[PDB]
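# Below: the sequence, then the experimentally determined structure.
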Amino acid sequence: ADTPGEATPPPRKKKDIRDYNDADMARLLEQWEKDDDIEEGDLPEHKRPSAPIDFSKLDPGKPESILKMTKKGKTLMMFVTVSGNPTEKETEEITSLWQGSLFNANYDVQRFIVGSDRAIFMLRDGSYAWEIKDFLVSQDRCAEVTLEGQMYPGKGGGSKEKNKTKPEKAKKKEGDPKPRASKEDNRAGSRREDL
């Protein structure tokens, strides 16, 4: 099964991400369906050690909010394209790991839900993720998940500051590249809602 690729549609919702994080939650809804279906998920060696090899060259340096992170711990990488899948508690953790990849300032996250099936893409990379993305859904019958618990972050700096700030959390909600965006997504509403 081969699919086209050259004239992709605009960011309707798949490229919006409710609350720029709530999207992962919506995935939990698919879990219930996977309970009876059960496509795939378990892979050989979920470890898969990742390293700081992301672009990270968009903005002049990086925000201070990231400093509060104090070294996330382990990167994040998951690719699946099918109705239902074991990622309930896994998706909820994506928010914790996402903090690390976020440093790249070009993370990649897409959430799509359709009666036909469900597919989610999340990787520390940004431009490379977009390419593989189209290739993922192209399968329409594949499931993969990679998550470690004893490795290094994707930032590649490990500030290790351990200091919370007032505007710190405010900036995160604003946006990595720029403000004016989260609001729209928030208005959408996911998790047993969808707009």
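Perfect, thanks for sending it. Numbering: from 1, shown residues only.

# Now residue 181: closest residue in space, sequence neighbours ignored.
residue 175 (5.2 Å; C-beta to C-beta, 6 or more residues apart in numbering). All C-beta spots, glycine's among them, are computed from the backbone N, C-alpha and C.

# Can you tell me, leaving aside adjacent residues, what's nearest to residue 69?
Per C-beta to C-beta, 6+ apart, closest to residue 69 is residue 99, 5.3 Å.

# Double-check that the one you found belongs to a strand.
No. Assessed with DSSP: H, G, I helix; E, B strand; the rest coil, residue 99 is helix; it does not lie in a strand.

# And it, how close does it get to residue 53?
Plainly put, residue 99 is 18 Å away from residue 53 if you go by C-beta to C-beta, to the nearest Å.

# where's residue 34, which helix or strand?
Using DSSP states H and E, residue 34 maps to helix 22-36.

# Show me what counts as buried in that helix.
22, 23, 24, 25, 26, 27, 28, 29, 30, 31, 34 (16 or more other C-beta atoms under 10 Å).

# now swap in stretch 107-114 and tell me
Quick answer for stretch 107-114 (16+ other C-beta under 10 Å): 107, 108, 109, 110, 111, 112, 113.

# Would you map the helices across the protein?
Taking DSSP state H as the test, the helices found in the chain are 22-36, 65-69, 88-101, 127-139, 166-174, 182-188.
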